[PDB]
Amino acid sequence: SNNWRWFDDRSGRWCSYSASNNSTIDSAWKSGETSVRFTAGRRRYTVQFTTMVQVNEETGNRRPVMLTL
């Protein structure tokens with residue numbers, strides 16, 4: 001299992017997804033999908049692997065993601 005992070009523009013640092021959301025994201029990546037949907041606090045997000053951005057499905061807000069193999 002790789003480590004996925006999202007950039008928190010409030011602190012100005014990368015943050016680890018929960019073990020659970022990391023597992024969802026990384027399984028989609030390894031299975032060859034180009035994007036993956038997950039929920040956190042009842043809100044819906046898509047990680048776009050082609051742009052390496054997390055998109056909020058309600059507001060369209062974009063946060064950067066990164067992968068460490």
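For reference, positions follow the sequence shown, starting with 1.
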Report the residues that fulfil side-chain contact (heavy atoms from CB on, under 4.5 Å) with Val53, sequence neighbours left out, ordered by chain and then residue number.
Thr51, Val55, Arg62

Distance from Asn2 atom CG to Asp26 atom CG, nearest 0.5 Å?
4.0 Å

If you measure from OG on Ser16 to CG on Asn22, what distance do you get to the nearest 0.5 Å?
7.0 Å

By side-chain hydrogen bond (donor to acceptor under 3.5 Å, both in side chains), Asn3 pairs with (sequence neighbours left out) none

Polar contact flag, side-chain donor to acceptor under 3.5 angstrom, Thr46-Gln54:
no

Derivation and outcome, side-chain contact (heavy atoms from CB on, under 4.5 Å), residues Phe7 and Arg63
CA-CA 6 Å; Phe7 191 76; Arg63 312 201 208 249; 5.9 Å; no

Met52 and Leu67: side-chain contact (heavy atoms from CB on, under 4.5 Å), yes or no, with the steps?
CA-CA 9 Å; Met52 291 299 277; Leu67 169 54; 4.2 Å; yes

Taking side-chain hydrogen bond (donor to acceptor under 3.5 Å, both in side chains) as the test, write out the residues that go with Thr68, two or more places apart.
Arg5

From the list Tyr45, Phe38, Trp4, ring-ring contact (aromatic ring centres under 6.0 Å, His included) with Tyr17 holds only for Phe38

Please list every donor-acceptor pair under 3.5 Å in which a side-chain atom of residues 29-36 meets a protein atom from a residue at least two apart or in another chain.
residue : atom : partner : partner atom : Å
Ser31   : OG   : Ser27   : O            : 3.3
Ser31   : OG   : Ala28   : O            : 2.9

Which distance, rounded to the nearest 0.5 Å, do you find between the OG1 of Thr39 and the CG of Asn21?
7.0 Å

